[PDB]
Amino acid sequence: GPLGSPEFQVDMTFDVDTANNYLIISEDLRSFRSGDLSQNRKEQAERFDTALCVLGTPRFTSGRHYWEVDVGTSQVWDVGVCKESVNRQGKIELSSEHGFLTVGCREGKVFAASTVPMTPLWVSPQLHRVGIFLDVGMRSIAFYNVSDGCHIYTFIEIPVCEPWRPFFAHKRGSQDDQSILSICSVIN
């Protein structure tokens, strides 16, 4: 991607204790998608019971951290970070005032960031890979289009009193829809 300083690439995976019942994760724990059946999993506070969401395993409390998410052909998604202390049961309101700093896409390729009110975004029609840079020191989190390094939105003056957990969400477009969200990779 456009990340010039590789040292900040945070190779991660998803945290299964957080995934919602209707979310199927891959074996390498770096891809997922909502679905038909209900994966009856160990019900717990760390797991969303209603919304189709998962959390990256990391827990950032300081430093600069970068990771990429491929949203492929998905039509409905949300990416970013949420506070470790956010409520995971019931209605999840994507609001920076509820602890959610995300960028999302809805039906019709409409883009929006979770500010208060929501900030509309005009991103490339061919977008499919989002670059995220969490900078706790600068109290900001930025989003980028990985295909050309174009800046999408940046949140500033974000609170840094508790760990920030990578956030993810996805809902199929149709029964046949094969779209998936996958975290991206590695290095040398």
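Counting begins at 1, following the sequence as shown.
When the C-alpha B-factors of 11-19 and 161-169 are averaged, 11-19 comes out higher. Between 27-35 and 129-137, the higher mean Cα B-factor belongs to 27-35. Residue-level inspection of the entry shows that, of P117, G104, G99, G108, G108 has the top Cα B-factor. Across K42, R64, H151, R59, the greatest Cα temperature factor reported in the deposited entry is at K42.
For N145, the recorded CA temperature factor ranks within the lowest third of the chain's modelled residues.
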